[PDB]
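> Chains as they are written, first to last, in the numbering used here: chain A, 22 to 83; chain B, 22 to 83; chain C, 293 to 351; chain D, 50 to 328; chain E, 2 to 267; chain F, 2 to 267; chain G, 70 to 73; chain H, 70 to 73.
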Amino acid sequence: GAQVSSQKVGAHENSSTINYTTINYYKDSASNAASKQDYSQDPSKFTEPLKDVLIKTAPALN
Amino acid sequence: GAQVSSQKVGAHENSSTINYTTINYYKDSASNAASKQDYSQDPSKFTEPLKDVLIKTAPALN
Amino acid sequence: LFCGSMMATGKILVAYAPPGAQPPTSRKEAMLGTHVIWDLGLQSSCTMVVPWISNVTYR
Amino acid sequence: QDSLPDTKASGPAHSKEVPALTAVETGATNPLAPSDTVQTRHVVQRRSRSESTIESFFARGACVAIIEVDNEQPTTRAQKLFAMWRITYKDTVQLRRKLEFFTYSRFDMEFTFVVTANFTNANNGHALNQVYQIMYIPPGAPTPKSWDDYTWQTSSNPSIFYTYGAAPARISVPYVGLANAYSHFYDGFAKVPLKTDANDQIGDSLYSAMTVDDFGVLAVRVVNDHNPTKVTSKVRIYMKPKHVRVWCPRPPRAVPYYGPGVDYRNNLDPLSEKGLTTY
Amino acid sequence: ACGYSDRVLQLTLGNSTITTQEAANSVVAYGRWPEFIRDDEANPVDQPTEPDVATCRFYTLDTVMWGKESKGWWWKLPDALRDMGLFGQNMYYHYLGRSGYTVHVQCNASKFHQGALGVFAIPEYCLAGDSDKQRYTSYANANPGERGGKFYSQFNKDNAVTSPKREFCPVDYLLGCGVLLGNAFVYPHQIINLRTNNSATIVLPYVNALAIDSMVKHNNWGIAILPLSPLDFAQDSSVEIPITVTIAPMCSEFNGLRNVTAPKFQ
Amino acid sequence: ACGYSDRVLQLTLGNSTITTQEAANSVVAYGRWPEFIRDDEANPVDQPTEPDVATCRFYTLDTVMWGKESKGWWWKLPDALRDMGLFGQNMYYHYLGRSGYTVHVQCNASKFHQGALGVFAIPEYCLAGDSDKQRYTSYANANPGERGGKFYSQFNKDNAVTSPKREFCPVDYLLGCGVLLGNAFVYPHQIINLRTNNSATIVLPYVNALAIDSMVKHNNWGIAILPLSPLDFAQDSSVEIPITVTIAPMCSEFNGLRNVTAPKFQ
Amino acid sequence: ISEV
Amino acid sequence: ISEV
Ligand SMILES: CCOC(=O)c1ccc(OCCCCC2CCN(c3ccc(C)nn3)CC2)cc1
Ligand SMILES: *C(=O)CCCCCCCCCCCCC
Ligand SMILES: *C(=O)CCCCCCCCCCCCC
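(1) What span of residues does the beta strand (DSSP E) with E:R99 cover, start to end?
(2) Between A:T42 and A:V25, which are expected to be in contact by the criterion C-beta below 8 Å, what is the C-beta distance as a whole number of angstroms?
(3) Please name the residue, chosen from E:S132, E:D159 and E:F169, that lies closest to E:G150 on a Cα-to-Cα basis.
(4) Note down, in chain order, each residue of its chain lying with its Cβ closer than 7 Å to the Cβ of D:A176, except the 5 sequence neighbours on either side.
(5) Check the Cβ-Cβ distances between residue 327 of chain F and every residue of chain E, and say whether any is below 8 Å.
(6) Out of E:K72, E:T50 and E:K77, which has the shortest C-alpha to C-alpha gap to E:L62?
(7) Within the same chain, show all residues whose beta-carbon is closer than 8 Å to that of F:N16, passing over the 5 residues directly before and after it, in chain order.
(8) Who are the Cβ neighbours of E:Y94 in its own chain at under 7 Å, not counting the five residues just before and after it?
(9) When the distance is taken between beta carbons, is D:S101 closer than 8 Å to D:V295?
(10) In three-state DSSP terms, what is D:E100?
(11) Assess contact between the region 300-309 of chain D and the region 172-187 of chain D, defined as three or more Cβ pairs (one per stretch) separated by less than 8 Å. Is contact present?
(12) Using a threshold of 8 Å, state whether the C-beta atoms of C:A309 and C:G325 are closer than that.
(13) Run through DSSP, which three-state label would E:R148 get?
(14) Are the CB atoms of F:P206 and F:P35 within a distance shorter than 8 Å?
(15) Between the region 80-99 of chain E and the region 154-164 of chain E, can you find at least three pairs of beta-carbon atoms closer than 8 Å?
(16) Do the CB positions of F:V28 and F:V204 come within less than 8 Å of each other?
(17) With ligand 3 as the reference, list in chain order each residue whose Cβ lies under 7 Å from any of its heavy atoms.
(18) Note down, in chain order, each residue of its chain lying with its Cβ closer than 6 Å to the Cβ of D:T200, except the 5 sequence neighbours on either side.
(19) Taking D:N229 as the query, report the chain E residues whose CB atoms sit under 8 Å from its CB, ordered along the chain.
(20) If you compare alpha carbons, which of E:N221, E:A117 and E:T50 is closest to E:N91?
(21) Is there at least one non-hydrogen atom of ligand 1 closer than 7 Å to the beta-carbon of B:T68?
(22) Determine the direct distance from the alpha carbon of A:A81 to that of C:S337, and round the result to whole angstroms.
(23) Using a beta-carbon distance cut-off of less than 7 Å, what residues from the region 63-75 of chain B approach chain E?
(24) Strictly under 8 Å for the Cβ-Cβ distance: is D:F106 near chain E by that measure?
(25) With 8 Å as the threshold, decide whether the Cβ of A:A81 is near any Cβ in chain C.
(26) For F:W222 versus F:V208, is the C-beta distance shorter than 8 Å?
(27) E:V120 to B:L71, Cα distance in whole Å?
(28) If distances are taken between C-alpha atoms only, which option among D:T165, D:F264 and D:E74 comes closest to D:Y224?
(29) So is D:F210 buried or exposed if we call it buried at 16+ other beta carbons inside 10 Å?
(30) Spell out the partners DSSP gives E:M66 in its beta bridges.
(31) How far does the beta strand (DSSP E) with C:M323 in it reach, from first residue to last?
(32) Counting only beta-carbon separations shorter than 8 Å, does E:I248 have a partner in chain D?
(33) Just to make sure I have the definition right: I need the residues of chain A whose C-beta is within less than 9 Å of the C-beta of C:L305. Which are they?
(34) Starting from E:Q115, trace the beta strand (DSSP E) in both directions and tell me its first and last residue.
(35) H:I70 and B:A32: beta carbons closer than 8 Å?
(36) From the DSSP output, read off the bridge partner residues of E:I193.
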């Protein structure tokens with residue numbers, strides 16, 4: 022059940038990809054740590070809720 | 022995710038290559054121990070910064 | 293955003309001076325840095341982008 | 050293998066090649082080996098530079114601060130119910146000197162905290178075991194005015210809760226510099242005086258200093274409400290640089306440090322008396 | 002082949018050419034030639050200015066005289082060039098500026114003169130001050146421009162507390178910074194030993210914890226020239242020969258244009 | 002397609018951007034865009050300086066006011082830009098300099114105002130003088146810098162012989178130069194007619210009998226702005242609206258670097 | 070294992 | 070494993 026992922030290495034030792042291992046010990050997922058591997062998304066639903074979304078080089082009002 | 026390397030064995034017991042095992046437990050590489058497997062380099066950038074690097078048996082000034 | 297009447301017209305200079313010199317007191321000095329000349333008209337709003345110009349990687 | 054080069058067997062010479070002569074004016078160190086100037090035997094070399102690698106040189110937890118905090122009846126005059134320390138390697142000299150062989154560095158930092166305590170007075174009853182809160186306050190964040198005010202709520206700042214008697218506390222910090230490397234030396238100013246300034250204090254700055262708060266502070270307190278008897282505690286902070294890289298070598302500090310910059314004051318006489326022709 | 006030599010060089014940059022018939026080869030600091038900021042090391046997003054030949058050419062500073070009592074001279078970069086033609090204008094019109102340098106130090110004498118100049122290029126050359134007050138040297142004093150500063154044989158603490166001088170007090174055997182001068186050789190350097198060579202030539206890369214920075218707020222390189230061996234001639238007890246420093250910016254680029262910076266040097 | 006128009010333009014050069022919502026298209030003088038000197042038209046052999054974004058950007062001159070009595074304004078190039086940032090520094094540090102220009106003239110009012118500005122870009126705009134004395138206008142008077150000069154409705158001969166003014170006397174219907182203004186339209190031009198457009202945009206190529214010349218000794222282009230139809234509003238007999246001129250150097254290159262030219266404008 |  |  023071990024889960025293996027690559028670390029995003031910031032300061033590299035003078036010694037390439039480094040990994041870390043995770044194992045869940047409990048049946049209830051609420052007990053689990055946070056994966057912190059979070060996908061992002063477009064702001065458009067907030068920055069552009071327009072029915073006709075227009076392109077920035079064209080006149081906003083036409 | 023276990024990582025296995027050879028130890029540089031100093032005093033050998035009266036009993037060949039011996040190994041040690043490493044596993045990273047944390048997502049942040051800052052949390053990691055030091056590998057201590059460090060590659061070296063030439064001193065020349067310090068001992069010889071000359072535009073025309075010359076060979077020791079020839080006259081330094083010519 | 294210009295919230296004036298439609299019969300109102302005008303041209304405005306909006307600017308950005310990266311650090312290190314005297315903070316602008318005249319249009320003459322402001323002109324010399326990053327700037328947009330905004331013309332008021334049917335498109336009511338103007339956007340000036342302040343480009344990332346820094347020495348450090350994070351302020 | 051990481052052993053050093055073997056010594057080559059070298060015999061007599063009568064030649065136009067002269068390794069022994071050179072000209073240091075060029076800026077170069079003469080690349081000579083024993084076999085260039087004396088007859089040598091073959092030696093299979095097994096020695097290595099394993100312990101003098103940059104990581105191995107700094108791979109040790111060094112004492113950078115002694116923070117003192119008291120736990121006692123909150124009276125009404127300047128007390129030590131909580132304490133603050135600006136994070137630095139400059140309140141101590143030993144690690145400071147080691148880091149300063151180099152102009153720039155880049156590394157992750159490991160902090161270990163040793164906490165000791167004792168009874169301040171002859172006797173008023175005793176004290177139940179104490180829990181300590183070590184809170185990091187990054188620049189910009191509200192600093193505490195009182196040992197139990199809202200800032201200790203620590204919702205976003207990282208805090209360590211240490212139980213007295215437990216194994217010394219330990220955390221790791223990423224490389225957190227605003228630049229691509231840490232500057233151990235900065236030949237400059239944070240501000241420039243301009244000809245058009247009102248007072249000439251507007252543009253005044255400390256030489257060599259960069260940001261006002263550098264990296265923030267560690268605020269320390271005893272979470273326990275006070276016992277009748279006073280308990281005094283000290284938190285010793287040990288710092289270790291790990292996953293280390295360094296650039297541009299420098300001469301080591303030869304005279305005693307005098308504050309956070311390169312300033313010297315006295316004991317400017319580092320070298321002993323020895324006669325020119327005395328072994 | 003043909004007749005070439007380690008001692009005879011011609012350096013050409015822009016409309017300027019330097020010849021030398023008595024060089025001791027030349028140094029490239031840390032083995033790195035000057036170069037422009039690469040896209041994958043770039044931080045300011047605005048299109049840079051690269052003035053090329055108009056700034057990357059040889060500027061000759063005011064000559065200093067070397068005599069039997071001369072303890073040494075120092076300069077900072079870009080500061081020594083702040084008033085140098087179009088380089089200076091580009092430096093003061095932009096918030097950001099990076100540049101490498103070719104440093105050519107000149108000092109000839111005669112086969113009967115004697116002495117040796119230690120020429121050192123130091124990254125981040127922080128100097129020590131006047132006072133009990135730490136890190137208190139004023140900007141105007143820290144930056145002598147083309148004039149440079151000097152070294153002293155000993156530490157005279159600026160005593161006048163009430164109206165302080167806020168100057169550096171650079172002691173020679175301590176490299177003006179709390180270390181021993183004999184170890185300054187770990188820094189990029191050459192020696193002008195008068196029986197061997199007329200000059201020193203050091204090529205400096207941009208060195209910093211950042212790809213580009215404020216040239217007005219921060220000096221990148223310090224140039225320290227100290228007499229390792231004192232000037233001597235015949236029996237004349239008061240000899241004097243000129244030292245001339247010529248410096249060229251290289252691969253100069255500037256970001257963050259706006260109105261001109263006018264620092265207060267009073 | 003999408004919604005584009007002849008009246009709405011965005012001009013971007015260096016760190017500067019101009020927007021306009023009421024343009025009357027834009028003119029490229031003689032159908033030629035600015036360009037650099039080609040190798041087969043090259044004359045000075047020294048490697049040129051091309052300052053690019055630091056000089057080829059929009060400089061806005063001091064605003065002039067248009068009122069019912071305003072007879073007209075004139076400017077010369079490069080002169081109007083001699084003190085403009087790094088362009089000015091490059092102009093005065095080199096013997097030779099060539100450059101093209103984007104000229105943007107700005108004048109808005111209201112749908113109830115009235116009037117028409119004739120905006121003319123003239124190659125070699127030689128102006129007429131003060132006196133009985135021919136070709137006697139002084140350099141300092143010929144070159145008003147950013148201020149520009151004005152036109153007059155009539156010829157007032159500078160009478161004071163003994164201590165002469167040595168100024169131009171540009172009469173409006175004679176285009177300040179002995180010809181009739183109505184024919185000035187053979188020169189590259191636009192009209193700012195207030196019911197139609199806020200502005201004029203003229204792109205100027207370098208024009209000369211040579212590929213490159215002295216910018217300090219010689220102006221290449223003259224900018225003449227004359228009211229073809231007088232400013233009028235409602236019934237208010239003393240109306241006044243601002244005219245603002247913004248100009249950008251383009252494809253600027255300089256040869257013959259040395260110490261800075263400091264002309265005497267007293 | 071489930072190595073991602 | 071990742072045995073080096
Ligand atoms: C002022 C001169 O010294 C330096 O330049 C210099 C450079 C780098 C240094 O590294 C420290 C930077 C990180 C600062 C802190 C970041 C977080 N820290 C924490 C955080 C949370 C806890 C609970 N305990 N410690 C402790 C350290 C320290 C000093
Ligand atoms: C998947 O996990 C198979 C590999 C298991 C390796 C040994 C795990 C040792 C830890 C056991 C966890 C028990 C938790 C209740
Ligand atoms: C790679 O690691 C696969 C093999 C895992 C062997 C068992 C590891 C037991 C330790 C689990 C570490 C959990 C750390 C959060």
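Positions of the beta carbon are idealized from the N, C-alpha and C atoms, including for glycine.
Once the coordinates are examined:
(1) Stepping through the fifth sequence from its first residue, residue 99 of chain E is reached at position 98. Looking at the DSSP string, the run of the beta strand (DSSP E) that includes E:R99 is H95 to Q107.
(2) Here residue 42 of chain A corresponds to residue number 21 of the first sequence, with the count starting at 1. Here residue 25 of chain A corresponds to residue number 4 of the first sequence, with the count starting at 1. Under the criterion of beta carbons closer than 8 Å, A:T42 and A:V25 qualify as touching, at roughly 5 Å.
(3) In the fifth sequence, counting from the first residue as 1, residue 150 of chain E sits at position 149. Closest option to E:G150, Cα to Cα, is E:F169.
(4) Here residue 176 of chain D is taken as the residue at index 127 of the fourth sequence, counted from 1. Only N276, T278 and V280 meet the Cβ criterion.
(5) The displayed coordinates of chain F run from 2 to 267. Any statement about residue 327 of chain F would go beyond what the structure contains.
(6) Reading the fifth sequence from its first residue, position 61 is the one you call residue 62 of chain E. Per the C-alpha coordinates, the member of E:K72, E:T50 and E:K77 positioned closest to E:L62 is E:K77.
(7) For the purposes of this step, residue 16 of chain F is taken as the residue at position 15 of the sixth sequence. So the qualifying residues of the chain are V54 and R58.
(8) As a position in the fifth sequence, residue 94 of chain E is number 93, starting the count at 1. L258 and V261.
(9) Position 246 of the fourth sequence, counted from the start, is the residue given in the question as residue 295 of chain D. Position 52 of the fourth sequence, counted from the start, is the residue given in the question as residue 101 of chain D. The answer is no: Cβ separation not under 8 Å.
(10) To locate residue 100 of chain D, count along the fourth sequence from 1; it is residue 51. Look at D:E100 here: in three-state DSSP terms it is helix.
(11) They do not touch, by the three-pair rule.
(12) Locating residue 309 of chain C in the third sequence gives position 17, where the first residue counts as 1. Locating residue 325 of chain C in the third sequence gives position 33, where the first residue counts as 1. Between C:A309 and C:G325, the CB-CB gap stays under 8 Å.
(13) As a working mapping, residue 148 of chain E is identified with position 147 in the fifth sequence. Helix, per DSSP.
(14) For this step, residue 35 of chain F is matched to residue 34 along the sixth sequence. For this step, residue 206 of chain F is matched to residue 205 along the sixth sequence. Their beta carbons are under 8 Å apart, which means F:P35 touches F:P206 by this criterion.
(15) The region 80-99 of chain E and the region 154-164 of chain E do not touch, with fewer than three beta-carbon pairs separated by less than 8 Å.
(16) Stepping through the sixth sequence from its first residue, residue 28 of chain F is reached at position 27. Stepping through the sixth sequence from its first residue, residue 204 of chain F is reached at position 203. With respect to F:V204, F:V28 sits close: the two C-beta atoms are nearer than 8 Å.
(17) Counting only beta-carbon distances shorter than 7 Å to the non-hydrogen atoms of ligand 3, the qualifying residues in chain order are A:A23, A:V25, A:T42, A:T43, A:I44, B:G22, B:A23, B:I44, B:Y46, G:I70 and H:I70.
(18) On the fourth sequence, position 151 is the one that residue 200 of chain D refers to. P191 and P193, listed in sequence order.
(19) Locating residue 229 of chain D in the fourth sequence gives position 180, counting from the first residue. Under a criterion of Cβ atoms nearer than 8 Å, the residues of chain E adjacent to D:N229 are, in order, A210, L211 and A212.
(20) To locate residue 91 of chain E, count along the fifth sequence from 1; it is residue 90. Nearest neighbour of E:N91 by Cα position, chosen from E:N221, E:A117 and E:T50, turns out to be E:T50.
(21) Along the second sequence, one-based indexing puts residue 68 of chain B at 47. No, the Cβ of B:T68 stays beyond 7 Å of every heavy atom of ligand 1.
(22) For the purposes of this step, residue 337 of chain C is taken as residue 45 along the third sequence, with counting starting at 1. For the purposes of this step, residue 81 of chain A is taken as residue 60 along the first sequence, with counting starting at 1. In this model, C:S337 and A:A81 are separated by some 10 Å (Cα to Cα).
(23) The residues in question are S65, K66, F67, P70, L71, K72 and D73.
(24) For the purposes of this step, residue 106 of chain D is identified with residue 57 of the fourth sequence, where counting begins at 1. Contacts with chain E at 8 Å (Cβ-Cβ) do not include D:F106.
(25) Position 60 of the first sequence, counted from the first residue, corresponds to residue 81 of chain A. Yes, A:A81 counts as interfacial toward chain C.
(26) Locating residue 222 of chain F in the sixth sequence gives position 221, where the first residue counts as 1. Locating residue 208 of chain F in the sixth sequence gives position 207, where the first residue counts as 1. Cβ distance < 8 Å, so F:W222 and F:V208 count as in contact.
(27) The residue given as residue 120 of chain E occupies position 119 in the fifth sequence. The residue given as residue 71 of chain B occupies position 50 in the second sequence. Taken atom to atom, the span from the alpha-carbon of E:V120 to that of B:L71 is near 15 Å.
(28) In the fourth sequence, counting from the first residue as 1, residue 224 of chain D sits at position 175. Cα-wise, what sits closest to D:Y224 is D:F264.
(29) One-based indexing of the fourth sequence puts residue 210 of chain D at position 161. D:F210 should be labelled exposed.
(30) As a working note, residue 66 of chain E is residue 65 in the fifth sequence. DSSP, once it has assigned bridges, lists E:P243 as partnering E:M66.
(31) What you label residue 323 of chain C is simply residue 31 of the third sequence in a count that begins at 1. In the DSSP assignment, C:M323 falls outside any beta strand (DSSP E) and lies within the alpha helix (DSSP H) extending over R319 to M323.
(32) Within the fifth sequence, residue 248 of chain E is the residue found at index 247, counting from 1. The Cβ of E:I248 sits no closer than 8 Å to any Cβ of chain D.
(33) Taking the first residue of the third sequence as position 1, residue 305 of chain C is located at position 13. Residues of chain A with a Cβ closer than 9 Å to the Cβ of C:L305 do not exist, since the nearest Cβ in that chain sits about 21 Å away.
(34) Position 114 of the fifth sequence, counting from 1, holds the residue named residue 115 of chain E. Unbroken beta strand (DSSP E) run through E:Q115: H114 to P124.
(35) The sequence position of residue 70 of chain H within the eighth sequence is 1, counting from 1. The sequence position of residue 32 of chain B within the second sequence is 11, counting from 1. When the beta-carbon positions are compared, H:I70 and B:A32 stay at least 8 Å from each other.
(36) As a working mapping, residue 193 of chain E is identified with position 192 in the fifth sequence. BP columns for E:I193 point to E:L118.
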